[PDB]
Every structure is written in structure tokens, then in C-alpha cells.
Amino acid sequence: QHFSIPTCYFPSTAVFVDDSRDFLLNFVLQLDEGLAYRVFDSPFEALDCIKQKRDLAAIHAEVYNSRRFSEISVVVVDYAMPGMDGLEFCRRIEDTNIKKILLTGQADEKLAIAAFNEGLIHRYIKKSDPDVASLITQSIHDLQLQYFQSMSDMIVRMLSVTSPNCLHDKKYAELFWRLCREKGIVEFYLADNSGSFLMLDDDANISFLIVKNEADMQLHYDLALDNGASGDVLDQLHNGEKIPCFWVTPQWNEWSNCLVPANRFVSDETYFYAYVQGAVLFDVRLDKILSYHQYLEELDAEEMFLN
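Numbered according to PDB author numbering, the sequence shown spans residues 2 to 55, 85 to 277, 282 to 341.
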């Protein structure tokens, strides 16, 4: 219901717990390239690995964490695992916010329904379903989003900040996610109180989606009016034709190139935004950022399922 746009997002790791190598080979080789995953044939070793893995400017600082992509967001577990059934496996990680996909047998649907209603698991799929491979893949994408949506609750609490209203706007979120796909964005991080986002592609190229609400536009118009800006600047800020692209008040003669043409989006409220290339809002050290493409290349072939 909330955080249709999460406070942050980046490619995360899914864990597959299954005792059928033939099922895993058929499944993982249909997956889209770009999904990081780990495979365990034992629920005990999978649990041990999960256990051992465990202001507003602090959000985008996560991009300097080279191990962020190894965050485990979704687990896919077969209920018929030897040693420990799939539901008992999920109970021992239900304290975390990992999203659980249960692969059910022919006589396990009632047990999975109860677990789904209690919130123990978030998805159950018949392992013998002819579309099982595509159903798991779609649920992985859906639950990796829900993982960061659940993260957004604790992040705004930990930082003692209030979320921008645009993050809960369903119409605007669809525009946000479709723009991310148009620009090849794989990870983003909330940048200011109005809903701006630091954005990166798989090569860690920097870009920003600067977002302003009507209250911000009125504040910028009042600042330019109190500062005595050019006649065009007052008309552009009043009509909402352009938005400020800075992060501090510019000089009366500097408002010219500190503005960028903006799009207007009317939904739950009126937003003004512009997608700009480069580090525009604040400085970003590209030399201390591990891109996602380089993370996938630096994956050690020793601990790979496909070797």
C-alpha cells in the first residue's frame, strides 16, 4: 500500500534451496541474465549461510558498499527438502525480512495456504506446475521489490525522517519505474526530502531524477523574488516551466543555468521533475563505487552453481 517507490533499491541475491539438480538446471538456465543467486542442496547449510550473512544523506551512501548486491532478499525453498521441510526452514528465518517462495507438492497445498495466510511465506507454487520456472522468476522480481518496500519502513524510522508523499503515489510510481527501465537504471537511492533520486545503471553511470512538489516551487519562487532574480526566472518558477537543479541559495545572476526544463505530473498531488545526467545534486565518488556489471564479473567460479 505504501512505498510504491522504495527509499532505495539495488539488485539483490536470491537463494535457491532444492535437492533436485535436474530441477535447478532447468530453472536457473531459463532465468534472465543479471540475477545473482546462490544454490544450496541442504537446508542446514542454507540456514548457516543466511545467519552468517546477517539523516537522509545516509541512504545514498549505501552505493559505496561493494557488498550491497550480496544482500539476500528472496529465498526459494522446496517443501520436500530432506532433513528439514520447507515450512520449518521458513520459520527459522521468519525473524528477518527475507521473502519466502515455497515449492509445494501434490499434497502440500493446505499446509502452504495456512502458512501464506499467517505471513510465514509470501508465495507458494506447485513444483510440478508446467509454468513453474516462469512463475518463480516473476515472484522473485515481485518479492525483491517487496523486500526494499519493507526496508523503507525501518529506514525512515532509523533516520527519523518523513517519507516524501510521491513514494506512495501509485500513478507516479508507475511513471517512476517505467522511466527507470527507459534509462537502464538498476539501482536508485533517495536524495532529498522532496523525492529526488540518485540513479545508476549497471556500469555505475551517475544520474539524478530531481523532483519538486508545489510547496517547493513556491519556496524557490519566493527565494528568487526575495533575491531579485531575472524577469524570466520569476516567470519560469511561477509557471513551473523549470525547476532548480542545485542542492544554499544561488546568486541573483546565477539563476539562469541553475534551472532545467521540467515535466508536470498530476496524481495524488502535482509533481515537477526532470531526469538529468551526471552528478548534479551532489558529489559522487565514482572511484569508490563497484558497478553491478563488475560485481557479476567478479563472482568467484568456485562458489557458482554453473561451473
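Here a beta-carbon is modelled for each residue, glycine too, at the ideal position from N, C-alpha and C.
Could you please give the first and the last residue of the uninterrupted alpha helix (DSSP H) stretch that includes residue i?
i, result
"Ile143", "139-147"
"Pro44", "44-54"
"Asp115", "Segment: none, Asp115 is in no alpha helix (DSSP H) and carries neither H nor E."
"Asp265", "261-269"
State the DSSP-derived secondary structure class of residue i, mapped to helix, strand or coil.
i, result
"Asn243", "strand"
"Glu288", "coil"
"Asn297", "strand"
"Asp233", "coil"
"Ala87", "helix"
"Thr126", "coil"
"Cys9", "strand"
"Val191", "coil"
"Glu217", "strand"
"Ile170", "helix"
"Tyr202", "helix"
"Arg153", "strand"
By the DSSP assignment, the beta strand (DSSP E) with residue i in it spans what residues?
i, result
"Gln311", "304-311"
"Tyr38", "37-41"
Run the CB neighbour count on residue i, radius 10 Å, all protein chains shown included, and call it buried at 16 or more, exposed below.
i, result
"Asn243", "buried"
"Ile143", "exposed"
"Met229", "buried"
"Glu212", "exposed"
"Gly116", "buried"
"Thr304", "exposed"
"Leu315", "buried"
"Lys157", "buried"
"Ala335", "exposed"
Pop quiz: residue i and residue j are said to be a contact at Cβ under 8 Å. What is the actual Cβ separation, rounded to whole angstroms?
i, j, result
"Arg153", "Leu173", "7 Å"
"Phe218", "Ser226", "Between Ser226 and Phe218 the Cβ distance is about 10 Å, and since that is not below 8 Å, they are no contact."
"residue 71", "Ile240", "In the model as presented, the chain runs from 55 straight to 85, which leaves residue 71 without coordinates."
"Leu165", "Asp159", "6 Å"
"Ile131", "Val162", "Going by Cβ atoms, the distance from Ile131 to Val162 rounds to 11 Å, so no, they are not a contact pair."
"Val263", "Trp289", "4 Å"
"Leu249", "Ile273", "Actually they do not touch by this definition, with Cβ atoms about 12 Å apart."
"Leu255", "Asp85", "Wrong, their Cβ atoms sit about 29 Å apart, outside the cutoff."
Taking the C-alpha atoms as reference points, what is the distance between residue i and residue j?
i, j, result
"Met114", "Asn147", "21 Å"
"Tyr38", "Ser13", "8 Å"
"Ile128", "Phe178", "10 Å"
"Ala47", "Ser325", "27 Å"
"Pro295", "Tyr251", "15 Å"
"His90", "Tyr10", "10 Å"
"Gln328", "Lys140", "44 Å"
"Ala308", "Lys200", "19 Å"
"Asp302", "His198", "9 Å"
"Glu271", "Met181", "35 Å"
"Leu220", "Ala137", "45 Å"
"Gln2", "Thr283", "37 Å"
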